[PDB]
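Engineer: Dropping the structure in here first, questions after.
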Amino acid sequence: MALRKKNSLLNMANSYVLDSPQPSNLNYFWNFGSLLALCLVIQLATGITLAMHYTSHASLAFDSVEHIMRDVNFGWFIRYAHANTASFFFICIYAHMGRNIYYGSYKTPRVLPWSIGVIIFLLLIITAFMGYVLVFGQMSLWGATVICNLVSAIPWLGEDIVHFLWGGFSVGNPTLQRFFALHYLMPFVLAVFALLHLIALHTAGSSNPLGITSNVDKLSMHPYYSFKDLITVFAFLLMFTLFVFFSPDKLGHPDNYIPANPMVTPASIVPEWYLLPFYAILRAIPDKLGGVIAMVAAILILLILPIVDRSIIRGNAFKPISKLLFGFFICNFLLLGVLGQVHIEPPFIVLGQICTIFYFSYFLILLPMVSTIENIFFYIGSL
Amino acid sequence: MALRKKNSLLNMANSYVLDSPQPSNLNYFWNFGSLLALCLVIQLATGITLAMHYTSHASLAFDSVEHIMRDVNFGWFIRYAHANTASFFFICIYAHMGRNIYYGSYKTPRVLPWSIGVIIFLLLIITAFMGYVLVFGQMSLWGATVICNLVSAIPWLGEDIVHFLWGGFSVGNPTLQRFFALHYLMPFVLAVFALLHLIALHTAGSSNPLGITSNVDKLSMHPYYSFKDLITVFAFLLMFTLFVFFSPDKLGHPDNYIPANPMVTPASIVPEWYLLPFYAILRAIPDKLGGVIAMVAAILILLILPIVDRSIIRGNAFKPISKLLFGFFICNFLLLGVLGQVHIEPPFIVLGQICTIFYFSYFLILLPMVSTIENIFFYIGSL
Amino acid sequence: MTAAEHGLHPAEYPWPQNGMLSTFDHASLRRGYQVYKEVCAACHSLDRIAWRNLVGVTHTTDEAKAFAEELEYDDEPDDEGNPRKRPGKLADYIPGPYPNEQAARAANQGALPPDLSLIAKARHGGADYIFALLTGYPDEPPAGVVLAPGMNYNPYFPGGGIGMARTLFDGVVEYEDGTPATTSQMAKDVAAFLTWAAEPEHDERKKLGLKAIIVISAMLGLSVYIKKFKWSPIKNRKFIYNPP
Amino acid sequence: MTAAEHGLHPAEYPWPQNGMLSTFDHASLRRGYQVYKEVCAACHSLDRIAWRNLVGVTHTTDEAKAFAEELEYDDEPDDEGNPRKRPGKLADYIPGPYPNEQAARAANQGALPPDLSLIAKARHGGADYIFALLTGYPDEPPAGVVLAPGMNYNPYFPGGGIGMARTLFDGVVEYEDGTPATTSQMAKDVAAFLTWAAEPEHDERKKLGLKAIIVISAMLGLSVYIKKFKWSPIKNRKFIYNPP
Amino acid sequence: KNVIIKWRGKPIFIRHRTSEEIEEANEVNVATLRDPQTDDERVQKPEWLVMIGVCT
Amino acid sequence: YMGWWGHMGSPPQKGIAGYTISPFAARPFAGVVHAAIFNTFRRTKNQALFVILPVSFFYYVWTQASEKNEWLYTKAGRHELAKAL
Ligand code: HEC
Ligand code: HEC
Ligand code: HEM
Ligand code: HEM
Ligand code: HEM
Ligand code: HEM
Ligand SMILES: CCCCCCCCCCC1=C(C)C(=O)C(OC)=C(OC)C1=O
């Protein structure tokens with residue numbers, strides 16, 4: 001017996017990265033998983049490096065970031081790499097989740113990797129939120145203020161919880177130092193859950209674009225998907241390069257280069273672009289607590305896809321109506337994103353409400369209806 | 001099939017903590033592994049908490065630790081818990097290693113968990129060394145200076161490496177901020193290796209005090225070792241309580257309550273008690289590079305125990321001469337510890353050299369001789 | 001929002017540094033420092049820039065040491081523990097005009113002139129906004145605009161009323177390189193200098209990016225060849241089925 | 001090393017706070033503050049202690065506010081950005097006698113009197129060292145000792161020559177509680193107060209530890225019973241072997 | 001005039017209201033107010049409007 | 001070298017009958033006093049030399065070294081110290 005199979009440690013690596021049996025027809029949308037692993041590795045390397053030069057104390061934080069940009073050798077690179085990779089991480093995660101929804105990756109027998117995936121997504125949001133506060137510019141402070149005040153809506157105890165989270169009566173030094181510590185930790189938690197969702201997946205193996213079994217025709221992960229992953233790694237690195245070297249601040253907000261000032265409120269407080277759709281959903285509901293519930297529900301409702309999809313077939317490759325509904329759902333999610341950063345003005349207020357209703361009605365009405373009807377069309381159509 | 005066996009995630013937990021088949025005769029020295037897991041959990045909880053209130057900048061570090069002691073609710077507890085558990089971690093790790101050496105846990109088929117164990121021990125040393133610097137008292141600074149200067153002995157590049165590690169020309173703010181970041185990281189690396197040595201162990205299972213197979217008579221890990229582990233957990237917590245609440249500074253150096261001063265040198269620069277034997281070994285060799293090699297070799301020589309132990313029998317329970325040699329080896333290791341903190345004066349200089357020779361001659365001469373002879377005595381004696 | 005509440009959006013000017021492969025014009029940087037020093041520094045600090053930062057960008061080591069040595073900085077106390085001053089060194093930061101915000105506001109009818117070290121990155125528009133603002137004070141505010149006391153009309157500034165008056169007029173500076181110091185020229189130079197102050201790694205960053213683009217592109221091309229090479233047995237596979 | 005280089009080791013005095021279940025004597029703490037204030041504070045700071053720290057330990061809220069309000073602290077600048085002083089508040093730290101190290105050393109023939117906030121934890125001996133040192137200046141140095149200029153002989157201090165002279169003499173303080181202020185009494189009180197300053201959690205810590213000891217002990221006893229209960233089928237196992 | 005005092009990091013608006021300002025405030029029928037309150041409930045002294053100057 | 005329940009890797013077992021009683025049927029502390037006194041004495045007696053011999057030797061060595069070191073740094077030990085350095 002080969003050492004890679006005999007030795008228990010080597011065999012665990014072997015089972016994931018070498019002998020792992022994969023469908024022979026994964027398309028390029030199966031490459032986001034390895035891009036996400038790459039973002040996670042870049043964020044760990046750059047993040048740990050920034051932590052060697054960053055100071056979490058509110059009197060020094062913003063200046064320690066300027067020291068990184070100005071005095072630390074390649075500090076500008078490490079900082080911009082870290083900041084831009086946070087955006088790339090969300091592009092890859094939206095792509096990966098979109099792949100999963102289009103190809104029915106959430107259906108049995110892959111409910112568990114999908115459900116753990118939904119938690120990975122929440123951990124990414126919290127990680128990135130806390131990391132953004134660490135700069136302690138105007139957007140850092142005011143973003144922390146507004147998002148942490150949503151907790152005040154929790155009945156009875158909400159206010160007490162907010163003061164507890166802040167470690168004081170407003171966002172200040174105690175908040176910044178605790179966000180540093182948690183921002184350092186959360187990526188490690190996230191890596192554990194990323195590992196858990198893969199181990200859970202390994203019981204069924206990867207799904208594939210046709211939605212059928214691949215047990216009939218398997219290909220080793222290496223060398224086929226190793227070398228296929230390199231193409232997208234280099235495509236990603238080219239995009240990374242164009243932002244980090246040629247346009248390092250395109251994805252950011254200029255106000256975050258102004259030091260936090262609790263007195264002056266910035267003209268407009270918007271979240272980082274990747275949180276914008278959830279912010280639009282929150283604005284749609286007039287009630288504070290209503291809005292928070294809606295915003296959270298918008299993520300937790302992903303957990304019911306295994307139930308509301310009534311199809312006897314996995315995935316959308318062969319379902320023209322489901323494909324059109326998916327197209328509308330995705331475009332609506334991008335419209336919500338856009339509406340998250342417009343001013344609260346007519347006519348965007350009502351549009352945001354319509355888009356929010358469409359978002360939820362996909363899960364609760366349209367997908368159950370369309371999936372039921374297509375079942376009947378497949379059966380009658382092929383008689 | 002039971003869910004704990006059917007579900008792949010649950011089954012991994014199940015295989016380690018519930019259905020795991022254990023020898024039915026493990027004695028109380030098999031309880032240090034779970035105490036080490038407890039220390040690691042305490043250090044993660046207290047360490048992450050301290051990180052929420054600590055400032056890594058050299059102008060603020062020492063005062064942030066005073067702020068923790070004085071102003072943070074239960075800060076004194078969290079700080080003393082963290083500081084004392086660092087010592088308990090080394091008591092448990094020496095006990096665990098002593099158990100392993102006495103009972104032959106390093107022999108085939110358990111060479112791999114033992115070899116990974118040696119690396120866990122090195123990671124613990126580095127973790128604890130860096131954490132001690134973070135206080136930035138006099139011992140913090142001067143300890144960092146002398147230990148980091150040992151790297152200057154590396155030929156050709158040694159000085160360059162030291163300046164690179166420091167991020168400057170002496171221990172200062174850059175060194176403190178990098179040690180904070182690495183001190184935060186190292187415990188996570190250590191937990192991964194702790195997990196790896198357990199997975200490696202699971203192929204043979206635990207050894208036992210008789211040194212024979214337990215495949216004939218196994219007990220589930222739960223409830224038997226779960227409830228047996230609770231006894232030592234409560235014994236440990238009682239010892240923890242006596243230090244943390246009644247004598248929180250007994251294991252420390254008063255000089256670490258003086259803020260770091262690069263000008264004034266403390267009367268005596270000694271390591272934390274748990275590093276003292278290695279320091280005595282270093283002093284024994286007159287050459288700088290010689291001393292560093294000897295100090296490292298004193299740890300890496302543990303890797304050759306699987307070779308130099310020539311016994312046909314695993315462990316010392318039935319080997320009276322090996323038991324006497326083990327007794328002398330352990331007492332010599334404690335003498336080295338004591339000599340690590342005496343002044344470099346007669347007659348401790350020569351005594352330290354004799355003890356260092358004895359330390360190495362255990363591995364290189366005595367254990368190979370004694371184990372060979374006992375093989376012959378068992379055979380002739382039982383004819 | 002009204003366009004006035006937003007501010008007029010600045011034109012896109014063709015800066016020398018626009019262009020994937022373009023550095024700053026260092027002669028313009030040098031001239032822009034001289035505008036900072038002789039006009040802006042009266043009200044605005046540049047606290048993130050040290051004298052050493054100018055060296056080999058705009059000035060030689062000697063010129064920058066001369067600028068530093070003309071100033072006095074706080075020394076460590078003397079032996080009786082009394083305060084002392086020393087002449088500046090290259091490690092010193094360029095000192096600001098005011099001791100604190102309160103003093104700054106008192107000198108500027110309540111308005112606080114921001115520090116200019118990050119201003120090119122801290123405003124939408126960057127150099128174009130700085131150039132547009134400095135050169136965009138109309139002689140008369142548009143009929144109907146009511147300016148608050150101590151405010152000046154400038155359409156590029158959001159709301160229109162800015163507490164900074166026009167400061168650049170033809171020949172307020174005499175450039176040392178003989179360049180005609182028109183309003184436009186000075187605004188261009190100082191906008192360039194401030195852009196440099198906000199992002200001093202600019203030139204090195206873009207050259208390293210050129211190297212990255214080339215290497216990464218080559219690796220992308222080769223990765224495509226290698227993937228196709230390794231996958232060809234799978235792509236080319238053929239079957240004959242004979243039903244049992 | 002010689003014993004002189006080490007310093008004489010202080011006696012173990014029976015402090016009220018010695019004892020697993022013992023708090024500080026708060027009356028002694030209060031008296032020790034008054035020694036600090038009237039003797040030590042001339043040369044030594046207590047920078048880690050704020051006025052609020054005294055409240056409900058040694059003084060009432062009102063007494064401590066009165067102490068704070070007698071001093072002047074740096075305020076935020078006024079509206080013209082000029083420096084201002086304010087009266088002290090409970091949040092303020094107790095102010096030290098000197099502005100910097102250089103001033104401190106100049107007043108003490110080169111020696112720097114350490115801050116006393118941590119001194120009880122920063123010296124082997126703790127309270128016993130402080131008490132021994134303050135009360136251990138012999139009238140005459142042992143025959144043969146040559147003291148350096150500005151040094152005083154004290155055997156408890158390592159090397160023997162300390163730059164602090166004897167300061168406690170009978171009746172240098174008049175205690176407000178009528179206690180006879182002997183050298184010994186003042187040294188005991190101030191040593192107690194400084195021990196409190198180094199470890200103000202002392203009283204709460206030891207009481208929580210009593211609760212921990214009791215709970216943890218009970219849990220240890222019960223864990224032994226439960227382990228024996230669950231293990232009894234294994235311990236009690238019996239075998240009959242009939243060789244096949 | 002309205003002052004802005006930092007108090008626990010939050011701004012405090014302190015307005016020294018004139019007589020006619022107080023009058024203007026005491027006009028609005030309490031009935032038509034999202035949060036129904038009269039100035040008398042808010043201030044303990046009509047000449048000192050003290051509020052936490054964070055928008056609700 | 002270890003399997004799992006059902007196939008642990010034991011050589012075939014035959015001819016052993018094992019018996020035990022319920023934890024609720026048993027006295028957990030049966031024979032505790034005899035164990036605590038006589039069993040502990042036996043176990044301790046049989047291991048005592050393996051602790052006593054190395055501990056006593058290394059304690060004697062330390063004692064001699066620490067006493068000499070103390071003596072060398074007295075006035076009386078001036079001459080012997082001078083030679084030792
Ligand atoms: C004597 C006063 C004075 C001089 C001279 C001066 N400024 Fe200003 N400047 C101000 C004040 C006051 C503000 C704040 C205006 C406000 O916020 O209303 C300001 C604001 C600015 C802003 C930011 C406007 C914004 O978007 O917030 C920039 C950029 C600026 N100045 C650049 C310059 C440059 C470049 C020069 C000269 C070459 C210059 N200033 C000269 C007083 C001055
Ligand atoms: C007028 C000067 C002066 C007064 C009064 C004074 N000290 Fe000091 N003290 C010093 C100087 C100077 C040193 C440093 C001595 C040295 O390092 O040589 C010192 C050192 C100490 C030390 C540390 C000695 C060591 O181990 O490093 C303690 C403890 C101490 N003082 C406590 C007190 C207490 C308690 C009081 C009064 C109740 C007091 N001092 C009054 C000048 C003074
Ligand atoms: C999933 C992984 C991570 C994500 C998505 C993430 C995201 C972010 C984001 C969005 C910021 C704000 C960046 C900016 O605009 O300047 C940031 C800052 C920071 N992150 Fe992370 N991060 C991650 C991992 C880490 C890790 C592991 C560390 C280790 C400490 C870390 C340390 C930092 C530090 C010190 C900063 C502040 C300095 C700065 O702004 O550049 N991050 N992070
Ligand atoms: C750090 C973030 C993540 C990483 C590194 C990661 C990584 C991966 C990898 C390597 C795979 C197998 C290859 C592939 O299909 O692309 C995969 C599959 C999967 N992931 Fe993720 N993932 C992450 C986040 C998520 C999230 C947020 C979800 C769900 C909301 C998710 C759900 C899934 C599912 C369902 C699969 C199996 C899909 C299939 O093969 O059909 N993942 N992931
Ligand atoms: C964080 C440090 C460590 C943890 C948490 C840990 C934990 C454990 C645990 C739970 C076990 C199984 C139960 C037991 O025998 O006690 C074990 C076994 C073992 N550990 Fe460790 N360990 C650590 C460090 C080490 C070190 C430093 C070494 C070696 C130098 C080591 C070598 C072993 C060996 C050889 C075994 C198998 C012993 C046997 O059952 O015969 N471990 N460890
Ligand atoms: C194996 C785990 C760990 C060990 C052995 C360890 C050891 C130490 C030691 C010896 C100190 C010096 C303590 C003192 O005298 O005050 C210390 C300080 C510190 N450690 Fe750790 N540590 C561990 C894990 C962690 C972790 C996970 C964190 C997370 C950040 C952390 C954060 C800190 C901080 C902030 C300090 C400085 C504050 C202080 O001195 O208490 N430690 N650690
Ligand atoms: C994060 C990695 C830490 C690894 C340790 C966690 C496991 C907790 C200890 C449990 C334990 C195991 C696994 C074990 O195998 C064992 O049998 C030898 C024990 O008791 C005698 C144990 O106590």
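In the structure tokens, the first chain shown is A, the next is B, and so on; residue numbers restart at 1 for each chain, and ligands run from 1 in the order shown.
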Report as number ranges by chain all protein, DNA and RNA residues lying within 10 Å of residue 220 in chain D, evaluated on only C-alpha atoms, omitting residues in the same chain fewer than 3 positions from it.
Structural biologist: B: 230-238; D: 214-217, 223-226
Engineer: At a cut-off of 6 Å, using only C-alpha atoms, what residues contact residue 2 in chain F? Leave out same-chain residues fewer than 2 positions from it and give the result as an MDAnalysis selection string.
Structural biologist: (chainID B and resid 204) or (chainID F and resid 8:9)
Engineer: Throw together the list of residues within 6 Å of ligand 6, counting only C-alpha atoms and all ligand atoms, and drop it here as a list in words.
Structural biologist: residues 40, 43, 44, 47, 48, 50, 51, 54, 65, 79, 83, 86, 127, 128, 131, 132, 134, 135, 184 and 187 of chain B
Engineer: Based on the selection just made, write C-alpha atoms of those residues as a CSV table (one decimal), in the first residue's frame.
Structural biologist:
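Everything below was put into result.csv:
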```
chain,number,residue,atom,x,y,z
B,40,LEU,CA,-5.2,25.4,26.4
B,43,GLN,CA,-5.4,30.3,27.9
B,44,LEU,CA,-7.5,30.9,24.8
B,47,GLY,CA,-5.9,35.4,26.3
B,48,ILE,CA,-8.5,36.6,23.9
B,50,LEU,CA,-6.8,40.2,27.7
B,51,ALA,CA,-6.4,41.1,24.0
B,54,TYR,CA,-4.3,45.2,26.1
B,65,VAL,CA,-1.7,45.7,31.9
B,79,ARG,CA,-4.7,38.5,34.2
B,83,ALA,CA,-0.2,34.2,34.0
B,86,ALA,CA,1.0,29.5,31.8
B,127,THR,CA,4.3,31.0,22.7
B,128,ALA,CA,5.1,31.5,26.4
B,131,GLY,CA,3.6,36.3,25.9
B,132,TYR,CA,6.0,37.1,28.7
B,134,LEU,CA,4.1,41.6,26.3
B,135,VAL,CA,4.0,43.0,29.8
B,184,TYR,CA,-2.0,35.6,19.5
B,187,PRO,CA,-1.8,29.1,20.4
```
Engineer: Please provide the set of residues having any atom within 12 Å of residue 35 in chain B, restricted to only C-alpha atoms, with same-chain residues fewer than 2 positions apart removed, written as an mmCIF file with N, CA and C atoms, in the first residue's frame.
Structural biologist:
```cif
data_model
loop_
_atom_site.group_PDB
_atom_site.id
_atom_site.type_symbol
_atom_site.label_atom_id
_atom_site.label_comp_id
_atom_site.auth_asym_id
_atom_site.auth_seq_id
_atom_site.Cartn_x
_atom_site.Cartn_y
_atom_site.Cartn_z
ATOM 1 N N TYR B 28 -3.812 7.506 36.839
ATOM 2 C CA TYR B 28 -4.025 8.948 36.871
ATOM 3 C C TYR B 28 -2.994 9.731 36.053
ATOM 4 N N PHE B 29 -1.861 9.128 35.711
ATOM 5 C CA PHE B 29 -0.947 9.841 34.840
ATOM 6 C C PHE B 29 -1.457 9.959 33.405
ATOM 7 N N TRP B 30 -2.548 9.265 33.050
ATOM 8 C CA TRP B 30 -3.137 9.456 31.735
ATOM 9 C C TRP B 30 -4.084 10.648 31.781
ATOM 10 N N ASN B 31 -4.136 11.379 32.897
ATOM 11 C CA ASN B 31 -5.099 12.468 32.940
ATOM 12 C C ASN B 31 -4.483 13.810 32.565
ATOM 13 N N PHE B 32 -3.172 13.861 32.313
ATOM 14 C CA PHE B 32 -2.558 15.136 31.982
ATOM 15 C C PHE B 32 -2.937 15.608 30.586
ATOM 16 N N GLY B 33 -3.241 14.684 29.676
ATOM 17 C CA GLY B 33 -3.651 15.099 28.348
ATOM 18 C C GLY B 33 -4.903 15.978 28.441
ATOM 19 N N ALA B 37 -5.467 20.052 27.712
ATOM 20 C CA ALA B 37 -6.552 20.586 26.898
ATOM 21 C C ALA B 37 -7.287 21.673 27.680
ATOM 22 N N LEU B 38 -7.503 21.447 28.978
ATOM 23 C CA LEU B 38 -8.068 22.468 29.849
ATOM 24 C C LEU B 38 -7.211 23.744 29.932
ATOM 25 N N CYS B 39 -5.891 23.617 30.142
ATOM 26 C CA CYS B 39 -5.012 24.780 30.152
ATOM 27 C C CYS B 39 -5.129 25.514 28.825
ATOM 28 N N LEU B 40 -5.148 24.769 27.731
ATOM 29 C CA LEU B 40 -5.209 25.417 26.440
ATOM 30 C C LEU B 40 -6.519 26.187 26.291
ATOM 31 N N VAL B 41 -7.635 25.607 26.717
ATOM 32 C CA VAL B 41 -8.899 26.326 26.688
ATOM 33 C C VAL B 41 -8.886 27.547 27.608
ATOM 34 N N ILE B 42 -8.388 27.427 28.840
ATOM 35 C CA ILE B 42 -8.309 28.589 29.721
ATOM 36 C C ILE B 42 -7.472 29.706 29.088
ATOM 37 N N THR B 85 -1.847 30.054 34.757
ATOM 38 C CA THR B 85 -2.099 28.926 33.881
ATOM 39 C C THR B 85 -0.925 28.712 32.933
ATOM 40 N N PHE B 88 1.013 26.401 35.021
ATOM 41 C CA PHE B 88 0.360 25.110 35.153
ATOM 42 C C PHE B 88 0.469 24.317 33.859
ATOM 43 N N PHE B 89 0.403 25.017 32.724
ATOM 44 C CA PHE B 89 0.554 24.397 31.423
ATOM 45 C C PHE B 89 1.893 23.670 31.378
ATOM 46 N N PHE B 90 2.956 24.270 31.923
ATOM 47 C CA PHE B 90 4.237 23.584 31.875
ATOM 48 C C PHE B 90 4.347 22.481 32.916
ATOM 49 N N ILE B 91 3.674 22.620 34.051
ATOM 50 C CA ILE B 91 3.704 21.500 34.971
ATOM 51 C C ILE B 91 3.005 20.321 34.299
ATOM 52 N N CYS B 92 1.851 20.573 33.673
ATOM 53 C CA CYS B 92 1.140 19.470 33.055
ATOM 54 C C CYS B 92 1.928 18.882 31.890
ATOM 55 N N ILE B 93 2.664 19.711 31.153
ATOM 56 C CA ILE B 93 3.352 19.208 29.978
ATOM 57 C C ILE B 93 4.592 18.408 30.379
ATOM 58 N N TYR B 94 5.267 18.808 31.449
ATOM 59 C CA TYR B 94 6.368 18.002 31.945
ATOM 60 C C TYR B 94 5.871 16.664 32.485
ATOM 61 N N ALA B 95 4.724 16.664 33.167
ATOM 62 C CA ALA B 95 4.127 15.452 33.702
ATOM 63 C C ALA B 95 3.761 14.522 32.551
ATOM 64 N N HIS B 96 3.099 15.075 31.531
ATOM 65 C CA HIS B 96 2.677 14.340 30.357
ATOM 66 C C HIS B 96 3.890 13.770 29.641
ATOM 67 N N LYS B 228 -13.533 10.064 35.168
ATOM 68 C CA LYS B 228 -12.228 10.029 35.812
ATOM 69 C C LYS B 228 -11.459 11.333 35.572
ATOM 70 N N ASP B 229 -11.644 11.960 34.400
ATOM 71 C CA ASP B 229 -11.028 13.243 34.074
ATOM 72 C C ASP B 229 -11.573 14.352 34.975
ATOM 73 N N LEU B 230 -12.849 14.269 35.390
ATOM 74 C CA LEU B 230 -13.399 15.293 36.266
ATOM 75 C C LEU B 230 -12.646 15.368 37.590
ATOM 76 N N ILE B 231 -12.218 14.237 38.148
ATOM 77 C CA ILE B 231 -11.504 14.298 39.409
ATOM 78 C C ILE B 231 -10.267 15.177 39.264
ATOM 79 N N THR B 232 -9.488 14.982 38.201
ATOM 80 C CA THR B 232 -8.266 15.761 38.117
ATOM 81 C C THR B 232 -8.576 17.184 37.687
ATOM 82 N N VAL B 233 -9.658 17.387 36.937
ATOM 83 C CA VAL B 233 -10.051 18.753 36.652
ATOM 84 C C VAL B 233 -10.308 19.503 37.956
ATOM 85 N N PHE B 234 -11.063 18.912 38.895
ATOM 86 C CA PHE B 234 -11.308 19.592 40.159
ATOM 87 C C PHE B 234 -10.052 19.708 41.013
ATOM 88 N N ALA B 235 -9.156 18.721 40.981
ATOM 89 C CA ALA B 235 -7.885 18.869 41.679
ATOM 90 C C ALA B 235 -7.072 20.031 41.102
ATOM 91 N N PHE B 236 -7.034 20.128 39.777
ATOM 92 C CA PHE B 236 -6.343 21.208 39.105
ATOM 93 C C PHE B 236 -6.950 22.556 39.496
ATOM 94 N N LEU B 237 -8.290 22.667 39.470
ATOM 95 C CA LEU B 237 -8.986 23.910 39.791
ATOM 96 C C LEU B 237 -8.751 24.338 41.234
ATOM 97 N N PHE B 240 -5.309 25.780 41.051
ATOM 98 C CA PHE B 240 -5.434 27.033 40.330
ATOM 99 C C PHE B 240 -5.946 28.101 41.283
#
```
Engineer: Which residues are near ligand 7 - at most 7 Å, using only C-alpha atoms and all ligand atoms? Format: as an MDAnalysis selection string.
Structural biologist: chainID B and resid 16:17 22 26 30:31 33:34 37 191:192 194:195 198 206 221 225:226 229
Engineer: Just want the 12 Å neighbourhood of range 98-114 of chain C, counted on only C-alpha atoms, with same-chain residues fewer than 2 positions away dropped. Output as JSON, numbers by chain.
Structural biologist: {"A": [257, 258, 259], "C": [40, 41, 42, 43, 44, 45, 46, 47, 95, 96, 116, 117, 118, 119, 120, 122, 123, 148, 149, 150, 151, 152, 161, 162, 163, 164, 165], "D": [76, 77, 78, 79, 80, 81, 82, 83]}
Engineer: Taking 5 positions as the minimum chain separation for residues in the same chain, which residues sit within 9 Å of residue 131 in chain D when counting only C-alpha atoms? Answer as a PyMOL selection string.
Structural biologist: chain D and resi 10+13+126+136+184+187-192
Engineer: Would you save the residues of that selection, restricted to N, CA, C and O atoms, as a tab-separated table (two decimals), in the first residue's frame?
Structural biologist:
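And here's part_35.tsv as it stands now:
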```tsv
chain	number	residue	atom	x	y	z
D	10	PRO	N	14.32	40.87	55.01
D	10	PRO	CA	13.41	41.38	56.03
D	10	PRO	C	12.73	40.26	56.80
D	10	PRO	O	12.48	39.20	56.23
D	13	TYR	N	6.75	39.97	59.20
D	13	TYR	CA	5.94	40.61	60.21
D	13	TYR	C	4.52	40.08	60.11
D	13	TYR	O	4.04	39.78	59.02
D	126	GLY	N	7.75	42.69	49.64
D	126	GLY	CA	6.48	43.39	49.74
D	126	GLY	C	6.44	44.35	50.92
D	126	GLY	O	7.42	45.05	51.17
D	136	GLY	N	14.95	50.60	59.13
D	136	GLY	CA	16.22	49.90	59.30
D	136	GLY	C	17.44	50.76	59.01
D	136	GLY	O	18.45	50.22	58.58
D	184	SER	N	7.85	53.27	64.10
D	184	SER	CA	7.33	51.95	63.79
D	184	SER	C	5.89	52.01	63.32
D	184	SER	O	5.53	51.33	62.37
D	187	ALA	N	5.62	53.45	59.83
D	187	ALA	CA	6.16	52.57	58.81
D	187	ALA	C	5.17	51.45	58.54
D	187	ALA	O	4.99	51.05	57.40
D	188	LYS	N	4.51	50.97	59.60
D	188	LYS	CA	3.56	49.90	59.43
D	188	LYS	C	2.37	50.40	58.62
D	188	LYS	O	1.91	49.71	57.72
D	189	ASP	N	1.90	51.62	58.92
D	189	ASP	CA	0.71	52.13	58.27
D	189	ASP	C	0.99	52.38	56.79
D	189	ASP	O	0.19	52.01	55.93
D	190	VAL	N	2.14	53.00	56.52
D	190	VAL	CA	2.42	53.36	55.14
D	190	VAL	C	2.72	52.10	54.34
D	190	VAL	O	2.30	52.00	53.20
D	191	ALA	N	3.37	51.10	54.95
D	191	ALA	CA	3.59	49.84	54.25
D	191	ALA	C	2.26	49.17	53.91
D	191	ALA	O	2.13	48.61	52.82
D	192	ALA	N	1.29	49.23	54.83
D	192	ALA	CA	-0.03	48.68	54.56
D	192	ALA	C	-0.69	49.45	53.42
D	192	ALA	O	-1.21	48.83	52.49
```
Engineer: Which polymer residues have any atom within 10 Å of an atom of range 44-54 of chain E, counting only C-alpha atoms, with same-chain residues fewer than 4 positions away left out, as number ranges by chain?
Structural biologist: A: 263, 265; E: 2-7, 10-19, 21-23, 39-40
Engineer: Could you tell me how far CA of residue 114 in chain A lies from atom 23 (C, counted along the ligand's line) of ligand 3, in Å and to one decimal?
Structural biologist: 22.4 Å
Engineer: Could you check the closest approach to chain A for each of C:203, C:25, C:62, C:92 and tell me which residue wins, using only C-alpha atoms?
Structural biologist: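 Once distances to chain A are computed over only C-alpha atoms, the minimum belongs to C:203.
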Engineer: Between CA of residue 260 in chain B and CA of residue 170 in chain B, what is the distance in Å, rounded to a tenth?
Structural biologist: 12.7 Å
Engineer: Dump as a list in words the residues of chain D that approach chain F to within 9 Å, counting only C-alpha atoms.
Structural biologist: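 Close to chain F, chain D has residues 1, 2, 3, 225, 226, 227, 228, 229, 230, 231, 232, 233, 234, 235, 236, 237, 238, 239, 240, 241, 242, 243 and 244 of chain D.
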